[PDB]
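Positions are given from 1 along the sequence.
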Amino acid sequence: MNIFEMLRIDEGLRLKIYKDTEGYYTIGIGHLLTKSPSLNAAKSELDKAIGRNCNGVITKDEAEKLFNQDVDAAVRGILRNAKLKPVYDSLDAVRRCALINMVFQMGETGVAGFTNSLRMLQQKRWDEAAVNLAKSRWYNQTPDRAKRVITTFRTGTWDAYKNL
């Protein structure tokens with residue numbers, strides 16, 4: 001299993017504009033388009049992103065292209081971030097995928113706000129950190145997914161997705 005397969009399980013794939021759990025206009029594999037209420041603002045962002053008139057719909061290839069850009073930007077974001085990099089560097093390969101997953105969903109800033117949990121992951125206190133991560137809006141809003149990520153940080157294995 002790798003980061004792409006992981007995120008593909010958590011985000012799903014949709015070829016037509018859709019609303020995310022938060023109500024925002026998204027397309028493809030979790031690619032947020034705009035936080036704006038206008039479906040029109042959305043279609044405009046989409047066309048700007050693809051470089052064509054899509055009229056709210058894209059192909060598999062286009063979805064995958066946006067996906068590769070998003071994972072890349074998520075990784076580079078972590079590496080440029082002063083709160084995030086040290087933690088990333090301290091982790092093993094599977095747990096690294098869990099941090100990338102959070103950054104993809106909630107943005108760098110959002111994850112960097114989990115000060116205490118980051119400190120515990122760094123110190124390798126798996127159980128304590130899993131309990132702390134669960135005390136968040138994140139967990140309360142998207143629990144099935146948060147649980148999967150949390151177990152990944154907890155165990156360092158892919159058990160939570162070997163199911164799926």
Colleague: List the atom of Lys83, the atom of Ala112, and the distance in Å for their closest heavy-atom pair.
Modeller: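 Shortest heavy-atom separation between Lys83 and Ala112 comes out as CB-CB, 4.2 Å.
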Colleague: Do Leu33 and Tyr24 belong to the same hydrophobic cluster, where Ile, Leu, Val, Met, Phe, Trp and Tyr are linked whenever their side-chain heavy atoms lie under 4.5 Å apart, directly or via other members?
Modeller: no
Colleague: Would you please test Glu62 and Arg52 for salt bridge (charged side-chain N to carboxylate O under 4.0 Å, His left out) and show each step?
Modeller: CA-CA 11 Å; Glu62 286 171 343; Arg52 90 189 170 59; 2.8 Å; yes
Colleague: Among the clusters formed by ILVMFWY side chains lying less than 4.5 Å apart, do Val87 and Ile150 turn up in the same one?
Modeller: yes
Colleague: May I have the step-by-step check of side-chain contact (heavy atoms from CB on, under 4.5 Å) for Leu46 and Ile58, ending in yes or no?
Modeller: CA-CA 9 Å; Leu46 177 56; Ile58 62 175; 3.9 Å; yes
Colleague: Decide, yes or no, whether a salt bridge links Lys162 with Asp159 under the criterion of side-chain N to carboxylate O below 4.0 Å.
Modeller: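 No.
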Colleague: Is any side-chain heavy atom of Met106 less than 4.5 Å from a side-chain heavy atom of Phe114?
Modeller: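 Yes, side chains in contact.
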Colleague: Indicate yes or no: does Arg148 engage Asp144 in a salt bridge with an N to O separation below 4.0 Å.
Modeller: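 So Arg148 does not pair with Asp144 through a salt bridge.
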Colleague: What verdict does the side-chain contact (heavy atoms from CB on, under 4.5 Å) test give for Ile27 and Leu66, after you've listed the backbone C-alpha separation in whole Å, the side-chain angles of each residue and the deciding distance to 0.1 Å?
Modeller: CA-CA 9 Å; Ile27 195 141; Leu66 292 180; 4.2 Å; yes
Colleague: Checking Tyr25 against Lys35 for the side-chain contact (heavy atoms from CB on, under 4.5 Å) test, could you report, in this order, the C-alpha distance in whole Å, the side-chain angles of both residues, the deciding distance, and whether it holds?
Modeller: CA-CA 7 Å; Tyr25 282 131; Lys35 297 189 189 175; over 6 Å; no
Colleague: Would you check if the side chain of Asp20 reaches a backbone N or O of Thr26 as a donor-acceptor pair within less than 3.5 Å?
Modeller: no
Colleague: Between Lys124 and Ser90, which heavy-atom pair has the shortest distance, and what is it?
Modeller: NZ-O, 2.7 Å
Colleague: Take a 6.0 Å sphere around CG of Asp92 and say whether it holds more than 12 heavy atoms from other residues, nucleotides or ligands.
Modeller: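 Check passes, neighbour count above 12.
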Colleague: Give a yes or no on whether a salt bridge exists between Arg145 and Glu11, defined as a side-chain N under 4.0 angstrom from a carboxylate O.
Modeller: yes
Colleague: Treating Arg96 as the side-chain partner and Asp89 as the backbone partner, does any N or O pair qualify as donor plus acceptor under 3.5 Å?
Modeller: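 At least one qualifying donor-acceptor pair exists.
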Colleague: Is the NZ or CZ atom of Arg95 both under 6.0 Å from the centre of the six-membered ring of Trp126 and within 45° of that ring's axis?
Modeller: yes
Colleague: Measure the spacing between CD of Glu45 and NE2 of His31 and express it to the nearest 0.5 Å.
Modeller: 8.0 Å
Colleague: Is there side-chain contact between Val149 and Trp138, with heavy atoms separated by less than 4.5 Å?
Modeller: yes
Colleague: Would a single hydrophobic cluster contain both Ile78 and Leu32, if residues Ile, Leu, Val, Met, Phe, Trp and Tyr are joined by side-chain heavy-atom contacts under 4.5 Å?
Modeller: no
Colleague: Can you find a pair of side-chain heavy atoms, one from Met102 and one from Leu133, that are under 4.5 Å apart?
Modeller: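 Heavy-atom side-chain distance check passes, below 4.5 Å.
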Colleague: Look up atom CG in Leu99 and atom OG1 in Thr152, then write down how far apart they are to the nearest 0.5 Å.
Modeller: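 OG1 of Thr152 is found 12.0 Å from CG of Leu99.
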Colleague: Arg137 and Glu22: salt bridge (charged side-chain N to carboxylate O under 4.0 Å, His left out), yes or no, with the steps?
Modeller: CA-CA 12 Å; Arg137 183 194 189 264; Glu22 301 283 2; 2.5 Å; yes
Colleague: Using the rule given for salt bridge (charged side-chain N to carboxylate O under 4.0 Å, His left out), can you reason through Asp47 versus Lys43, listing the C-alpha separation, both sets of side-chain angles and the distance that settles it, and then say yes or no?
Modeller: CA-CA 6 Å; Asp47 289 340; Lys43 279 144 122 134; over 6 Å; no
Colleague: Atom CD1 in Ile100, atom CG in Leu84: separation rounded to 0.5 Å?
Modeller: 11.5 Å
Colleague: Do we see a donor-acceptor contact under 3.5 Å between the side chains of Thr157 and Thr155?
Modeller: yes
Colleague: Can you name the closest pair of heavy atoms from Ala63 and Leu13 and give their distance?
Modeller: CB-CD1, 3.8 Å
Colleague: Between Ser136 (side chain) and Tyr139 (backbone), is there a donor-acceptor pair under 3.5 Å?
Modeller: yes
Colleague: Could you walk me through whether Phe67 and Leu7 satisfy the side-chain contact (heavy atoms from CB on, under 4.5 Å) test, starting with their C-alpha distance in whole Å, then the side-chain angles of each, then the deciding distance to 0.1 Å, before giving a yes or no?
Modeller: CA-CA 9 Å; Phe67 189 34; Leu7 283 162; 3.8 Å; yes
Colleague: Which pair of heavy atoms, one from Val57 and one from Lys16, lies closest together, and at what distance?
Modeller: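 Minimum heavy-atom contact is CG2-CE, 3.0 Å.
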Colleague: If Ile, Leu, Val, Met, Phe, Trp and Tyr residues are connected whenever their side-chain heavy atoms lie under 4.5 Å apart, and connections chain through other members, are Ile9 and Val103 in the same group?
Modeller: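 Yes, it is one cluster - the side chains of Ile9 and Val103 are joined through contacts under 4.5 Å.
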Colleague: In Å, rounded to the nearest 0.5 Å, how long is the span from CH2 of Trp158 to CG of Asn2?
Modeller: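 Spacing of CH2 (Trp158) from CG (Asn2) equals 7.0 Å.
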Colleague: Please check if any side-chain donor atom of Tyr161 sits under 3.5 Å from a side-chain acceptor atom of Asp10, or the reverse.
Modeller: yes
Colleague: Give the minimum heavy-atom separation between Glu64 and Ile29, together with the two atoms involved.
Modeller: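 The pair with the smallest heavy-atom distance is CG-CD1, 4.4 Å.
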Colleague: Is it the case that more than 12 heavy atoms not belonging to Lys60 sit under 6.0 Å from its NZ atom?
Modeller: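 It does not: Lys60 NZ has 12 such atoms or fewer within range.
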Colleague: Should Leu118 and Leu91 be regarded as members of a common hydrophobic cluster, given that ILVMFWY residues are connected when their side-chain heavy atoms come within less than 4.5 Å of each other, either directly or indirectly?
Modeller: yes
Colleague: So, for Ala129 and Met120, which heavy atoms are closest and what is the spacing to 0.1 Å?
Modeller: CB-CB, 3.7 Å
Colleague: How long is the gap from CZ on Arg154 to NZ on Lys147, to the nearest 0.5 Å?
Modeller: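 Here the interatomic distance stands at 12.5 Å.
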Colleague: Is there a donor in the side chain of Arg119 and an acceptor in the side chain of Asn116, or the other way round, less than 3.5 Å apart?
Modeller: yes
Colleague: In the structure I gave you, are the side-chain heavy atoms of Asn68 and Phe4 within less than 4.5 Å of one another anywhere?
Modeller: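 Result yes, sub-4.5 Å side-chain heavy-atom pair found.
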Colleague: Roughly how far, to the nearest 0.5 Å, is the CG atom of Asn101 from the CZ atom of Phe153?
Modeller: 8.5 Å
